Amino acid sequence: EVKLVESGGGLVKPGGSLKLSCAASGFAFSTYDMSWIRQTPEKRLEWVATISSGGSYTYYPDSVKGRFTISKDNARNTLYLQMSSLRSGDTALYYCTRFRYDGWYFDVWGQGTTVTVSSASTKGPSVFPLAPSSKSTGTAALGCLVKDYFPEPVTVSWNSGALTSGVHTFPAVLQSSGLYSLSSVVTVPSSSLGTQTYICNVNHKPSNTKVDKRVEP
Amino acid sequence: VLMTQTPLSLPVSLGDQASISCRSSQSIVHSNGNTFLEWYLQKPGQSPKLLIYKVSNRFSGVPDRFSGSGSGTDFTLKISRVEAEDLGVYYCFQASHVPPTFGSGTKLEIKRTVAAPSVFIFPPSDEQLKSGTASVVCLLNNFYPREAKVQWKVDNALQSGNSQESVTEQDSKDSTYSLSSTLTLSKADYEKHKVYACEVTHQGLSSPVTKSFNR
């Protein structure tokens with residue numbers, strides 16, 4: 001089955017550099033042209049680079065030309081975007097994509113990796129529980145408050161991915177301090193409360209922060 | 001080649017038809033005959049996924065509910081018998097002339113019946129206090145429409161400038177939204193007061209619901 005899996009994103013200083021990687025599987029990689037597309041914070045989609053199957057031609061838009069290099073490793077079926085002299089405007093989610101030749105369409109997409117170009121240092125979040133009570137009550141709601149981090153993203157799962165129904169992980173909010181915070185909540189049967197275990201699994205890769213908070217009444 | 005979409009957002013009821021339009025700056029015929037115009041849908045939390053290419057060609061797997069048409073400058077996608085799983089952002093896209101470009105997107109929104117939120121409050125955690133700050137969380141769960149008003153009160157004094165709010169994208173199982181609002185205070189300010197209230201105004205409540213707790 002056809003897949004693209006991206007890695008390498010993270011926080012970098014203005015005028016720094018960073019290389020993205022995109023591991024392909026399931027198809028004859030070196031027989032397709034491949035691209036990178038970025039999605040800005042306003043959700044605009046922009047084409048950033050394309051490389052022919054031969055590796056012979058490379059195509060970039062004017063905003064990126066001279067700074068970004070798309071390349072590929074054919075033994076390992078991996079796609080790369082070397083990004084250098086990064087600017088503030090380069091911050092975005094970056095996707096790799098397979099550009100089918102007959103139709104010229106993008107038919108498989110990566111999951112995305114996010115790049116944040118900023119002068120500020122990373123800061124790892126604090127993780128605080130949102131305990132179920134008679135005040136969050138036959139369903140009770142509990143949660144996790146992931147406070148004061150930079151940059152995005154933070155991911156949250158519950159019971160290591162075992163719990164998903166009634167899970168709401170909210171978009172990050174900006175604090176006045178310029179740091180983000182987010183909530184992740186879940187509703188459950190209140191009868192389960194005494195008996196079943198509820199933990200949030202929180203990762204912030206840029207600060208190598210990995211926390212599990214058991215949330216109890 | 002600017003691609004411009006309308007409407008920017010499109011409420012539609014289940015079973016109904018949705019129509020989205022895409023206009024290009026210049027013509028998007030590639031001097032090969034074909035015109036490389038394409039429609040993508042990006043569902044919440046997912047990558048964009050290909051629906052239509054070369055104007056009217058369904059990409060494999062794409063239900064027969066989706067169709068494309070249009071000529072040279074003007075393109076339409078139509079979605080008949082809209083299902084809840086169809087909500088998200090639809091994008092048009094042009095690889096006829098270089099650089100390839102995308103329109104700015106149209107949000108498909110599922111119209112359903114009003115639903116008042118389930119409102120819960122969470123006091124600060126002892127853990128957070130020990131560190132110097134106090135966050136009070138207010139959750140409005142699974143409501144419709146997206147508009148909700150949340151007022152924070154500390155000993156009945158309306159609060160301003162000291163809270164943040166976000167709302168989830170529309171949910172596919174039941175077409176509702178959820179909202180979290182956080183009131184952030186000093187340990188000190190938190191300690192001086194008694195009554196922490198979150199009061200919610202919404203289209204599905206005849207009058208406001210206040211959930212409170214006493215420190």
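Here is the naming used below: chain letters follow the sequence lines, and residue numbers restart at 1 for every chain.
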- Task: Assess the pair A:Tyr105 and B:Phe59: is the distance between their ring centroids shorter than 6.0 Å?
- Result: yes
- Message: Side chains of B:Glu109 and B:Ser9: any donor to acceptor distance under 3.5 Å?
- Response: yes
- Task: Determine whether the side chains of A:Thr169 and A:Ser184 contain a donor N or O and an acceptor N or O closer than 3.5 Å.
- Result: yes
- Item | Any residue meeting side-chain hydrogen bond (donor to acceptor under 3.5 Å, both in side chains) with A:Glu6, in chain and number order, not counting sequence neighbours | none
- Task: Go through the structure and list residues passing side-chain contact (heavy atoms from CB on, under 4.5 Å) with A:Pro171, not counting sequence neighbours.
- Result: B:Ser166
- Distance-only side-chain donor-acceptor flag, A:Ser7 / A:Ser21, under 3.5 Å: yes
- Item | A:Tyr32-A:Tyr101 aromatic ring centre distance below 6.0 Å | yes
- Message: Which residues pass the ring-ring contact (aromatic ring centres under 6.0 Å, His included) test with A:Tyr94, not counting sequence neighbours?
- Response: none
- Message: Under the side-chain contact (heavy atoms from CB on, under 4.5 Å) test against B:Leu179, which residue among B:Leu140, B:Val119, B:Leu139, B:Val200 passes?
- Response: B:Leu140
- Check whether any side-chain N or O of A:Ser136 sits under 3.5 Å from a backbone N or O of A:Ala141 as a donor-acceptor pair, and report yes or no. yes
- Task: Would you check if there is a donor-acceptor pair between the side chains of A:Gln175 and A:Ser177 at a distance under 3.5 Å?
- Result: no
- Query: Would you call B:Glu85 and B:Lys43 a salt bridge, using N to O less than 4.0 angstrom?
  - Reply: yes
- So, B:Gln94 side chain and B:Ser96 main chain: donor-acceptor pair closer than 3.5 Å or not? yes
- side-chain contact (heavy atoms from CB on, under 4.5 Å) evaluation trace for A:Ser181 with A:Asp148: CA-CA 5 Å; A:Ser181 279; A:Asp148 293 340; 3.9 Å; yes
- Message: I'd like to check the side-chain hydrogen bond (donor to acceptor under 3.5 Å, both in side chains) partners of B:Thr182; sequence neighbours left out, ordered by chain and number.
- Response: none
- Do A:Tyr95 and A:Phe106 have their ring centres less than 6.0 Å from each other? no
- Given the rule in the side-chain hydrogen bond (donor to acceptor under 3.5 Å, both in side chains) test, do B:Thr184 and B:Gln164 qualify, once you have shown the distances and angles that lead to the verdict? CA-CA 8 Å; B:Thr184 311; B:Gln164 32 263 145; 3.1 Å; yes
- The side-chain contact (heavy atoms from CB on, under 4.5 Å) partners of A:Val117 (sequence neighbours excluded) come to A:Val12, A:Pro14, A:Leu86, A:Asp90, A:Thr91, A:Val115
- Query: Distance-only, no hydrogens or angles: does the B:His30 side chain make a donor-acceptor pair with backbone N or O of B:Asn32 under 3.5 Å?
  - Reply: no
Side-chain donor-acceptor pairs of residues 160-168 of chain A under 3.5 Å, sequence neighbours excluded:
residue	atom	partner	partner atom	Å
A:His168	NE2	B:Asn142	ND2	3.1

- Query: Got a donor-acceptor contact below 3.5 angstrom from the A:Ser118 side chain to the A:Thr116 backbone?
  - Reply: no
- Please confirm whether the backbone N or O of A:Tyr80 pairs with a side-chain atom of A:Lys19, one donor and one acceptor, at under 3.5 Å? no
- Note: B:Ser135 and A:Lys147 closest approach over all heavy atoms is OG-CE, 3.1 Å
- Task: Verify the distance criterion only: is there a donor paired with an acceptor across the side chains of A:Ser207 and A:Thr209 at less than 3.5 Å?
- Result: yes
- Message: Any side-chain to backbone donor/acceptor pair from B:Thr101 onto B:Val1? Under 3.5 Å, distance only.
- Response: yes
- Note on the structure: When every non-hydrogen atom of B:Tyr144 is compared with those of B:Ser175, the smallest separation belongs to CD1-O, 3.5 Å
